[PDB]
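Visitor: Dropping a structure here in structure tokens format, bear with me for questions.
Each reported figure results from applying straightforward, stated rules to the coordinates on display, with no laboratory input. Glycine also receives a Cβ, built like all others from the backbone with ideal geometry; neighbour counts cover every protein chain displayed.
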There are 2 protein chains.
Amino acid sequence: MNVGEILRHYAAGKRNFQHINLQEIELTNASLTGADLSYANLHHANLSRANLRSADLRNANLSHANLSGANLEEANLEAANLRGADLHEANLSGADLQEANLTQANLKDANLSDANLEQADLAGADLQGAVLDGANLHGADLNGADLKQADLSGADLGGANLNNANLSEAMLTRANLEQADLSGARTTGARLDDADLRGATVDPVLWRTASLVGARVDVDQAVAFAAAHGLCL
Amino acid sequence: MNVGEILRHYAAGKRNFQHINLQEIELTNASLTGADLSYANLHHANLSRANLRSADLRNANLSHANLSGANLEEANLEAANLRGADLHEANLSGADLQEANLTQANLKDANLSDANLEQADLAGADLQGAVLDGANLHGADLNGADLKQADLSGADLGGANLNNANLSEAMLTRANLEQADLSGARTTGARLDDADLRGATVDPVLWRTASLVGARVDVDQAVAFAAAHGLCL
């Protein structure tokens, strides 16, 4: 297909686009709200600044597509392939991303407020400055992602893999870290106040770095907090 | 006896003054060293700046005596009664004070270096500025004592009673605090580095105030340290 016809079909009211092959199309600024694109081929497409609010995209191939600044509020992205896509400043508020492939996508300054990321693969993605406030990250793979100054206050990180992630200056207030793997993560300036750390695997350096006021912790973890401040046993 | 006869007997070489009643005497500056005054009644005596080095004072009644500036180096004070005495700026280094009564005495700027204070009652005394370096305070009673800026480094405080004591800015480095009771004590600016706290009864506010680098602690104490900084259990 080509750009003219897809702009023109939607304006006539066609919303069922699923399985269509739109590979590398130039769809910038296109207002696509409510379209059913699930299982489409959007590889390397330019959706930059597109309006995809409430779309059905699940299992689409968006790998390396330019979504920067697109409107994805409440869209259905479950099990999509976004690997390497450009989502910076995109609006994913409330979207469904569970089990999606986000590896190495650029999420800088995007908005994932209350989105569903359960079991997604975020490894190596750039989330710098993002707002995930209250999102569902249970069981996601955040190996080496950049979360500097990301807003996770209140999110569910239970069982996520944060090994080697960058949490510097990140807002974690009231988040759930239960059963997380924090080995290797930079916690410089991180705010863990009131978070739930119980069961997590953390490096001792976390204790000297993140503000823990009100954090919930294990006995074995509480011991290591003190030992991290010099107390001998 | 009177002042003339006790000074004159001493110059003749008589050292046996024990059980004699010298009450309220003016002995200022008098060199009495090595004298046996044990079981004397020295109540309200003026002994200020007298030279008593290696004297035998044990079981004397010195309560409310003016000992200011006296030289007690290696004197035997065992079980003496010093209640309310003025000892300020005295040198007690190496004396034997075990089981003596020092309650409500003024020890300001004294030197107790390496003295034996085991079981003594120091309650309510003003130890502001005193030097207890390496002393044996095991089992002593420091109830409500004022220890501001006193030097306790290396002392044995195991099982002593520090309840309601003022430890503000006091040096405790490497002291033995095993089983001691610090409840109610001001630990502001206190330096507890390398001390052994195991078994001690402490307030959570002790953990927030006193420098604890390297101190030895219980399993249960490490937790109570952590919780003192906000970690919830």
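Visitor: Could you identify the residue of A sitting closest to the A-B rotation axis by Cβ and state that distance rounded to whole angstrom?
Guide: A:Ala226, 3
Visitor: Could you compute the FRET efficiency for A:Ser183 and A:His44, with r as their C-beta to C-beta distance and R0 at 41 Å, rounded to 0.05?
Guide: 0.70
Visitor: Among A:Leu147, A:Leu52, A:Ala30, whose Cα projects farthest towards the positive end of the dipole of chain A, with charges put on the beta-carbon of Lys, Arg (+1) and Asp, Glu (-1)?
Guide: It is A:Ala30.
Visitor: With the calculation restricted to Cα positions, what are the radius of gyration and Dmax of segment A:95-186 in angstrom?
Guide: 10.9, 29
Visitor: Which distances in nm, rounded to one decimal and ordered from shortest, link the label point of B:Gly13 to the equivalent label points in the other identical copies, with labels set 7 Å from Cα toward Cβ?
Guide: Spelled out, the distances from B:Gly13's label point are 13.3 nm.
Visitor: Let me ask you something else. Once you place label points 7 Å from the Cα toward the Cβ at B:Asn2 and B:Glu24, how far apart are they in nm?
Guide: Placing both labels 7 Å beyond Cα along the Cβ direction yields 1.5 nm.
Visitor: One decimal, nm, shortest first: give the distances between the label point of B:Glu24 and those of the same position in the other copies, each label point 7 Å from Cα along Cα→Cβ.
Guide: 11.5
Visitor: Shifting gears a bit: Considering amide H positions built from the backbone, and no H for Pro or chain starts, which residues 5 or more places from A:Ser31, or on another chain, come under 5 Å of its amide H?
Guide: Amide H neighbours of A:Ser31, under 5 Å, 5+ apart: A:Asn51.
Visitor: Could you give me the radius of gyration and the Dmax of segment A:35-152, taking only the C-alpha atoms into account and expressing both in angstrom?
Guide: When restricted to the Cα atoms of segment A:35-152, Rg and Dmax are 12.0, 34 Å.
Visitor: How big is the Cα convex hull of segment A:1-75 in projection, averaged over all directions, in nm²?
Guide: Average projection, Cα convex hull of segment A:1-75: 3.9 nm².
Visitor: Please report, in cubic angstrom per residue, the volume enclosed by the convex hull of the alpha-carbon atoms of segment B:146-233. Write out the running numbers ahead of the final one.
Guide: Numbers: hull volume 6.2 nm³, N = 88.
Residue-normalised Cα hull volume stands at 71 Å³.
Visitor: Here's something else I'd like to know. Sequence-distant or interchain residues sharing an amide H contact under 5 Å with B:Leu42, placed H: which?
Guide: Close amide H contacts, sequence-distant or interchain: B:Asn61, B:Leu62.
Visitor: Separate question: If you take the beta carbon distance between B:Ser54 and A:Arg208 as r and set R0 to 35 Å, what does 1/(1 + (r/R0)^6) give as a FRET efficiency, to the nearest 0.05?
Guide: The value I calculate is 0.10.
Visitor: Taking only the alpha carbons of the protein assembly as shown, what extent do you get along each of the three principal axes, in Å, biggest first?
Guide: Largest to smallest, the principal-axis extents are 128, 29, 24 Å.
Visitor: List the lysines whose alpha-carbon lies under 18 Å from that of A:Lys108, not counting same-chain residues fewer than 8 positions away?
Guide: Once the sequence-local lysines are set aside, what remains near A:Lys108 is A:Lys148.
Visitor: Taking the Cα centroid of segment A:1-54 and of segment B:63-99, what is the distance between the two, rounded to the nearest whole Å?
Guide: 95 Å
Visitor: For chain A, what ratio Rg/Rh do Cα atoms give with a Kirkwood hydrodynamic radius?
Guide: My calculation of the ratio gives 1.08.
Visitor: Placing a label point 7 Å from Cα toward Cβ, how far apart in nm is B:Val213 from its equivalents in the other copies, listed shortest first to one decimal?
Guide: 2.6
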